[PDB]
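Residue numbers (PDB author numbering), protein chains in the order written: chain E, 1 to 154; chain E', 1 to 154; chain F, 5 to 272; chain F', 5 to 272; chain F'', 5 to 272. A prime marks a further copy of an entry chain. Take a look at the structure set out below.
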């Protein structure tokens with residue numbers, strides 16, 4: 001509530017891009033989960049090179065950050081998954097080449113300070129991400145559903 | 001860590017029974033989950049009337065307590081479930097009669113103060129509890145496995 | 005009687021979210037009890053009379069639970085009084101989603117009250133393999149034709165329910181706590197009706213020689229068989245529609261169908 | 005179930021004086037209820053097993069009330085178990101008044117449990133002029149002979165009850181709160197039994213032509229008629245004995261007698 | 005009478021460990037004495053009536069000794085009273101090991117009391133080679149069939165005893181001084197029953213010509229022969245189970261078997 005206004009102020013001073021702000025916003029300090037509507041806006045605006053390359057790079061870095069920042073890891077995987085389904089053609093083409101790199105994100109163990117396995121939530125969400133990318137045919141089917149579905153409405 | 005020693009001190013002053021202490025211990029203030037080994041000791045010592053009637057009564061009351069006490073609700077369901085499988089014959093016979101009362105613990109909605117649905121974890125765990133009790137034949141099969149299994153070892 | 009009525013007032017109140025399930029028990033226990041069985045239903049007459057469709061919306065979700073679990077005497081309670089919820093005909097509300105849904109939803113429950121007029125005996129909760137407690141698979145041939153035809157009128161109303169809403173459900177026309185609360189009992193009943201009919205057929209084909217009325221069976225099965233395709237599309241679309249993926253919200257229908265048609269026609 | 009059991013514990017406790025009548029209701033309401041009807045009677049088995057005759061004395065005054073008011077299903081509860089209160093045979097207590105009274109009082113109630121073994125149907129509470137709810141004046145001739153003979157064994161036990169005490173009651177041998185508490189239900193039943201039998205005769209002579217079994221009536225009336233003189237002396241002496249002059253402690257017996265004998269012999 | 009009763013009170017007290025064997029003598033001597041033979045058994049009625057299963061557990065180990073040694077008149081004492089230890093039906097205790105064991109153990113001893121109802125004469129202590137003092141090997145053919153069939157019901161109860169406990173005994177479910185105390189008389193009797201039956205067969209085959217009832221022998225032997233395999237496994241498992249390796253706790257069964265079957269069928 002209060003920490004959100006401070007976080008946003010720091011972003012404006014540094015002058016981050018529109019994508020980096022939304023990513024940082026998703027990785028919020030509060031306990032409340034990220035909204036699904038926010039994932040749609042990111043998916044639609046994930047075509048450009050200047051935006052897409054930054055999105056993939058930031059979310060990958062969000063997985064580590066530090067020991068305390070555990071919320072920043074779980075929120076990153078949620079955004080990445082949706083960018084594959086309703087994202088764009090450029091998203092899939094890049095992920096296909098970088099599939100060899102993304103594949104190794106399953107055994108992510110971590111311990112902050114006290115002694116609570118925060119990577120349990122991370123491991124589960126990441127497991128689903130690797131399962132979808134492992135099947136090439138499944139990815140192709142998802143593309144057709146999102147492309148035709150978008151054309152059906154407009 | 002520190003709140004645990006204080007909690008235990010209050011129990012000794014009032015003079016609660018051995019069952020009530022272990023139940024309160026399961027419903028700890030800390031974020032760490034309850035151990036599975038502790039559930040075994042409760043299951044073995046859930047035969048006596050003086051103990052069993054208190055165990056069922058306390059855990060049922062633990063489901064409400066107050067708005068803030070959300071951890072006390074999730075831990076209660078974990079203990080109840082194990083008392084059906086490896087508990088005793090008296091546990092099942094009583095639960096059979098009180099099945100009509102226990103059945104209505106599925107739609108448990110709750111909101112503490114800020115605005116976080118703490119009953120989401122409660123609803124999931126309670127769903128499994130009702131599913132097991134709904135099948136009478138399944139309960140009978142579980143009894144044979146625990147009785148014979150105990151006899152196999154000793 | 006007085007203390008029990010207080011539980012209804014606290015539970016069935018205007019609090020947006022669904023009521024406490026534990027509180028509902030104490031209210032819905034007092035029905036097998038042959039002490040009075042009146043004070044509970046007295047408060048459920050003056051409140052539906054009101055014009056507002058907010059408290060009334062949550063009022064009709066408790067009755068849907070008690071009718072699928074309680075004694076059939078509870079169903080018999082609201083039969084001696086011919087009027088039930090007919091006063092809600094011709095009404096006007098804020099959003100278009102409200103009135104469009106209420107006008108048909110109110111009549112769906114009327115059919116459930118009319119269900120007791122013909123079949124009387126309890127249907128939605130008599131196991132799948134039982135003869136003594138069940139009064140459907142081993143009923144009189146006259147009653148057997150009536151109890152199935154009554155279930156058809158209720159089952160077909162589900163298609164009529166989605167007709168006025170179109171497509172299937174539409175989350176946009178169902179995005180409040182009160183609306184999503186009344187969706188679960190409708191689905192649980194829908195799968196229940198589908199279950200208890202096809203379960204009868206499993207016992208019907210087994211008990212053919214020990215019966216007297218082969219002519220009054222094929223028309224009942226044939227009409228019910230065509231409803232499968234209508235019901236399959238109902239949930240197939242619902243699965244696509246964004247909603248809570250609970251077992252009670254989207255059960256799996258296709259289980260008994262190819263090994264039912266062939267075995268029934270042999271008797272004829 | 006659990007909350008209801010707590011009411012029994014508080015009411016039926018060692019507090020010398022009689023328990024609160026309001027508290028008794030909540031305990032004795034749960035009997036028509038077809039939810040379980042077991043938890044109430046479970047606690048009434050391990051407590052009579054005890055040797056002490058102080059808590060047990062007050063325990064047997066509640067059962068005497070529930071048996072004269074509640075559903076006949078309550079009587080059927082303690083039949084499947086053959087053992088009831090036989091363990092109290094051969095006991096020893098402080099004062100001579102205690103054991104001398106207990107040894108016979110314990111068997112008087114056993115007969116009341118044995119009453120359901122033969123007649124089964126509820127007798128002590130079926131009005132004086134009614135056919136539908138009553139199952140005595142319009143029973144089968146075989147059942148009619150049995151239901152009266154059973155009442156005779158219970159009625160004659162009243163004379164046997166005062167035999168071991170001698171004279172009648174004796175306030176000296178009945179000067180405690182627990183003892184005087186159990187006297188009222190015994191008397192209320194005694195007058196009840198006397199009432200429900202002679203009330204049957206009022207309907208019996210009216211319905212003679214519409215019946216089939218004249219032979220099995222005169223022996224029942226004749227045996228019951230001789231008991232009047234025994235019962236008259238019972239209360240005549242009790243009136244002389246210093247005790248609370250309540251309507252439920254000393255009812256008036258002589259009301260139906262000269263206009264009963266003459267009208268019955270005409271049929272024969 | 006009074007002084008003898010005091011010995012019972014001191015010996016049979018709550019002291020965890022087993023009582024003094026010397027003290028038991030003075031109590032169990034007063035039985036052949038034809039002075040009264042009542043005061044001893046009077047105190048063994050009000051104490052089993054209690055609900056606690058701690059003093060009662062040690063109470064039932066003395067009776068097991070007196071029944072295997074004393075005069076058969078001692079067995080006849082608790083026959084005129086039909087009730088013995090039936091009040092222990094439906095009970096609840098601390099650990100699961102207690103109630104699970106008591107419920108069956110209490111009925112095992114009831115059978116021993118029922119043993120006198122049919123056979124009457126003393127069985128467990130009439131030597132192996134004797135005719136005058138023994139009333140089994142030289143009984144009437146009608147009595148001979150009855151006395152063996154009665155022993156079968158007692159012998160089969162040993163298998164039933166271990167059934168509710170499962171496996172055999174389990175030290176984990178028998179790890180107290182009171183529990184291990186009652187194990188020795190059960191085993192001593194078990195081997196005794198096995199001995200006195202097979203000992204009869206040793207005299208039975210010898211006395212075939214001087215008898216009248218060959219038909220009522222083969223069914224008795226055949227049924228008893230099959231019990232050997234059940235009894236062998238009983239002690240074979242017990243040997244594996246960690247327990248005190250005393251001669252009275254684990255006797256050796258296989259001694260008479262191959263030279264018994266063949267010699268008996270020749271007569272038939």
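Ideal placement from N, C-alpha and C gives every residue a C-beta, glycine not left out.
**Message:** Quick check on this structure: which residue in 43/E', 102/E', 151/E' and 148/E' has the alpha carbon closest to the alpha carbon of residue 130/E'?
**Reply:** For the purposes of this step, residue 130/E' is identified with residue 130 of the second chain, where counting begins at 1. The candidate whose alpha carbon is nearest that of residue 130/E' is 102/E'.
**Request:** Identify whether residue 5/F lies in helix, strand or coil by the three-state DSSP scheme.
**Result:** By one-based count along the third chain, residue 5/F stands at place 1. Reduced to three states, the DSSP call for residue 5/F is coil.
**Item:** residue 58/E - DSSP class collapsed to helix/strand/coil
**Value:** Start at 1 with the first residue of the first chain, and residue 58/E comes out as number 58. If DSSP states are grouped into helix, strand and coil, residue 58/E belongs with the helices.
**Prompt:** Between residue 194/F'' and residue 162/F'', is the Cβ-Cβ spacing less than 7 Å?
**Reply:** For the purposes of this step, residue 194/F'' is taken as residue 190 along the fifth chain, with counting starting at 1. For the purposes of this step, residue 162/F'' is taken as residue 158 along the fifth chain, with counting starting at 1. Their beta carbons are under 7 Å apart, which means residue 194/F'' touches residue 162/F'' by this criterion.
**Request:** Using a Cβ-Cβ cut-off of 7 Å, state whether residue 40/F' counts as contacting chain E'.
**Result:** Position 36 of the fourth chain, counting from 1, holds the residue named residue 40/F'. True, the Cβ-Cβ gap to chain E' drops below 7 Å.
**Message:** List, in chain order, every chain F' residue whose beta-carbon is nearer than 8 Å to that of residue 6/F''.
**Reply:** Taking the first residue of the fifth chain as 1, we reach residue 6/F'' at position 2. Residues of chain F' passing the Cβ test: none, with the nearest at roughly 15 Å.
**Prompt:** Closer than 9 Å, Cβ to any Cβ of chain E: which residues of the stretch 115–140 of chain E', in chain order?
**Reply:** 115 and 116
**Prompt:** Name the residues in the stretch 24–46 of chain E' whose C-beta lies less than 8 Å from a C-beta of chain E; which are they?
**Reply:** 31 and 32
**Request:** Write down the C-beta distance between residue 75/F' and residue 50/F' rounded to the nearest angstrom, noting that I regard them as a contact closer than 8 Å.
**Result:** Residue mapping note: residue 75/F' aligns to position 71 of the fourth chain, counting from 1. Residue mapping note: residue 50/F' aligns to position 46 of the fourth chain, counting from 1. With 8 Å as the limit, residue 75/F' and residue 50/F' do not qualify as a contact, their Cβ atoms being about 24 Å apart.
**Asked** Smallest Cα separation from residue 31/F: which of 19/F, 261/F, 78/F and 231/F?
**Response** Here residue 31/F corresponds to residue number 27 of the third chain, with the count starting at 1. It is 78/F whose Cα lies nearest to the Cα of residue 31/F.
**Asked** Using a beta-carbon distance below 7 Å, is residue 74/F'' in contact with chain E'?
**Response** Locating residue 74/F'' in the fifth chain gives position 70, where the first residue counts as 1. No, no contact with chain E'.
**Prompt:** Which residues in the same chain as residue 222/F place their Cβ atom closer than 6 Å to its Cβ, once the five residues preceding and following it in sequence are excluded?
**Reply:** Within the third chain, numbered from 1, the residue matching residue 222/F stands at position 218. Excluding residues within five positions, the ones whose Cβ falls inside 6 Å are 272.
**Item:** residue 92/F (DSSP reduced to helix, strand or coil)
**Value:** Residue numbering aside, residue 92/F sits at position 88 when the third chain is read from its first letter. Residue 92/F falls in the helix class under three-state DSSP.
**Request:** Tell me whether residue 1/E sits in a helix, a strand or coil according to DSSP, three-state version.
**Result:** Within the first chain, residue 1/E is the residue found at index 1, counting from 1. Residue 1/E: coil per DSSP, three-state reduction.
**Message:** I'd like to know if residue 28/F contacts chain E', where contact means its C-beta is closer than 7 Å to some C-beta of that chain.
**Reply:** Your numbering for residue 28/F matches position 24 in the third chain. Output row for residue 28/F: interface = yes.
**Request:** Please determine, among 26/F, 260/F and 247/F, the residue with the shortest C-alpha to C-alpha distance to residue 181/F.
**Result:** Stepping through the third chain from its first residue, residue 181/F is reached at position 177. Per the Cα distances, 247/F.
**Asked** Do residue 191/F and residue 159/F have their C-beta atoms within less than 7 Å of each other?
**Response** As a position in the third chain, residue 191/F is number 187, starting the count at 1. As a position in the third chain, residue 159/F is number 155, starting the count at 1. No, Cβ-Cβ distance for residue 191/F and residue 159/F is not below 7 Å.
**Message:** Relative to the C-alpha of residue 47/F, which candidate in 63/F, 245/F and 227/F has its C-alpha closest?
**Reply:** Taking the first residue of the third chain as position 1, residue 47/F is located at position 43. The option with the nearest alpha carbon to residue 47/F is 63/F.
**alpha helix (DSSP H) runs wholly inside the stretch 174–256 of chain F', at least 4 long, in chain order** = 181–185, 187–208 and 222–244
**Collapsed DSSP secondary structure at residue 148/E in the structure displayed** = Within the first chain, the letter at position 148 stands for residue 148/E. Residue 148/E falls in the helix class under three-state DSSP.
**Where the stretch 50–83 of chain E' meets chain F': residues whose CB sits under 8 Å from a CB there** = 53 and 57
**Asked** When the Cβ atoms of the stretch 9–21 of chain E' are set against those of the stretch 59–73 of chain E', are three or more pairs found closer than 8 Å?
**Response** no
**Contacts around residue 119/E, its chain only, beta-carbon distance under 7 Å, and the 5 residues preceding and following it disregarded** = Translated into positions along the first chain, residue 119/E becomes position 119. Correct list, in chain order: 108, 109 and 110.
**Message:** Please classify residue 26/E' as buried or exposed, where buried requires at least 16 other C-beta atoms within 10 Å of its C-beta.
**Reply:** Here residue 26/E' refers to the residue found at position 26 when the second chain is read from its first residue. The residue in question, residue 26/E', is buried, as its Cβ has 16 or more Cβ neighbours within 10 Å.
**Asked** Between which two residues does the alpha helix (DSSP H) containing residue 97/E' stretch?
**Response** Within the second chain, numbered from 1, the residue matching residue 97/E' stands at position 97. 89–97 is the extent of the alpha helix (DSSP H) around residue 97/E'.
**Asked** Do the CB positions of residue 252/F and residue 104/E' come within less than 7 Å of each other?
**Response** As a position in the third chain, residue 252/F is number 248, starting the count at 1. As a position in the second chain, residue 104/E' is number 104, starting the count at 1. Cβ distance not < 7 Å, so residue 252/F and residue 104/E' don't count as in contact.
**Request:** Spatial neighbours of residue 123/F within its chain, please: CB distance less than 6 Å, with the 5 preceding and 5 following residues excluded, ordered by chain position.
**Result:** Numbered from 1 along the third chain, position 119 holds the residue referred to as residue 123/F. Excluding residues within five positions, the ones whose Cβ falls inside 6 Å are 151 and 154.
**Asked** Who are the Cβ neighbours of residue 245/F' in its own chain at under 8 Å, not counting the five residues just before and after it?
**Response** Here the question's residue 245/F' lines up with position 241 in the fourth chain. Excluding positions up to five away in sequence, the list reads 171, 172, 173, 174 and 175.
**Asked** Where do the ends of the alpha helix (DSSP H) carrying residue 47/F'' lie?
**Response** As a position in the fifth chain, residue 47/F'' is number 43, starting the count at 1. Start and end: 43–50.
**Cβ of residue 243/F'' within 7 Å of any chain E' Cβ** = Reading the fifth chain from its first residue, position 239 is the one you call residue 243/F''. Closer than 7 Å: no.
**Prompt:** Can residue 59/E and residue 80/E be called in contact, C-beta distance under 7 Å?
**Reply:** Position 59 of the first chain holds residue 59/E. Position 80 of the first chain holds residue 80/E. Contact flag set, yes.
**C-alpha distance - residue 276/F' paired with residue 61/F', whole-angstrom precision** = Chain F' is shown only over 5 to 272; residue 276/F' falls outside these bounds and no answer can be derived.
**Message:** On the criterion of 16 or more Cβ atoms from any shown chain inside 10 Å, does residue 262/F'' qualify as buried, or is it exposed?
**Reply:** Along the fifth chain, read from residue 1 onward, the residue named residue 262/F'' stands at position 258. Looking at its Cβ environment, which holds fewer than 16 other Cβ atoms inside 10 Å, residue 262/F'' is exposed.
**Message:** Can you tell me where the alpha helix (DSSP H) holding residue 23/F'' begins and where it ends?
**Reply:** Against the fifth chain, residue 23/F'' aligns to sequence position 19. Note, residue 23/F'': premise wrong, no alpha helix (DSSP H); not H, not E.
**Request:** Please check the pair residue 15/F'' and residue 23/F'', which I expect to be a contact at CB under 8 Å, by giving their CB distance rounded to whole angstroms.
**Result:** The count along the fifth chain starts at 1 and reaches residue 15/F'' at position 11. The count along the fifth chain starts at 1 and reaches residue 23/F'' at position 19. With 8 Å as the limit, residue 15/F'' and residue 23/F'' qualify as a contact, their Cβ atoms being about 4 Å apart.
**Message:** So with CB distances below 7 Å, who are the chain F' contacts of residue 50/F''?
**Reply:** Counting from one through the fifth chain, the residue named residue 50/F'' turns up at place 46. Those are 55, listed as they occur along chain F'.
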